[PDB]
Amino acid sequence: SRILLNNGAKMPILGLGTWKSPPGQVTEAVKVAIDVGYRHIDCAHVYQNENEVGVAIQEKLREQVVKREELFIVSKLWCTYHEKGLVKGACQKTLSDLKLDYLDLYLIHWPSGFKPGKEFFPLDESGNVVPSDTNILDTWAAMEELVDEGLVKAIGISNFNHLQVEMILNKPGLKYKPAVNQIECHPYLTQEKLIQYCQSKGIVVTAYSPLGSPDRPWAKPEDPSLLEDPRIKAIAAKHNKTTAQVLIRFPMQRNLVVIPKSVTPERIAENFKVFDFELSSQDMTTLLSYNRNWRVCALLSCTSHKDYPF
């Protein structure tokens, strides 16, 4: 159930995603998740619901359903806080909202820094994101200070490409390696190259959008649908599991961590029942064969930023 990180701590390979979980639903979703066995929650300041996630975590700690040591709580530094003097405050606001005194893991959410201010996506008058001149290496140094102040147990990265991971690994005076790179990964975007690179460096990969993010706000009717793919359905049927359960077990068997999102109690529970079956090697290779380099998480307004990863 857990994978060992290069900071010496163990991380549950299944967690609960919280992007798009409505603030009026996510407290119950996290309560239900902890009650049915989840011990890892994936959060972010930009999701605008950390307060409500925190109410759930705190209630389950108060009720003594779980111990703090048994939970693995992850959050992420938003792009408008990649300045030396803003990183600690950004982390502290997340801690405050989550009702925590430390994070198990804190990630640079995207490699690109944006102009600080109230807006999460500051734009120029023609719709391009406004960058910050801060680079990935100085942001990493700021992350390392959070470990040394006790605010976070591990630090990592998200949406970093091969060359950006390499830039951190080659950083002069590197003090802590990234523990995790959290990236989009599913049968339509299998990520074999970047996963093999990160794993070879001892960086654990977390697969986001493992179900293809059907609730992403920019979904279009014509788009591919993992959950409705009859080939994946057939694998599920053969194992008497749901398609979602196959899509969650797939990254687990690649030695990835996976963070499916749901606010539906029945689905939260279903999605956890993935430790009692095995996909065959042939099943695994067949799922890998569906790769189409189809990315659900990309954003035109940020594509000219110097550090846009894709």
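Quick note: we count residues from 1 along the sequence shown, nothing fancier.
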Once average C-alpha B-factors are taken from the entry for 270 to 278 and 55 to 63, the winner is 270 to 278
Mean B factor on CA atoms, stretches 109 to 117 and 211 to 219, record says higher is 211 to 219
Residue set 148, 138, 184, 97, per-entry CA B-factor max assigned to 138
Entry record, C-alpha B-factors for 233, 93, 153, 76; the maximum is at 233
Entry-reported C-alpha B-factor of residue 130 relative to its chain, by third, is middle
Residue 19: CA temperature factor from the record, placed by chain third, in the lowest
Temperature factor at the Cα of residue 204, chain-ranked in thirds, falls in the middle
Residue 225: C-alpha B-factor third of its chain, per the entry, is the highest
Of the three thirds of the chain ranked by Cα temperature factor, residue 197 occupies the highest
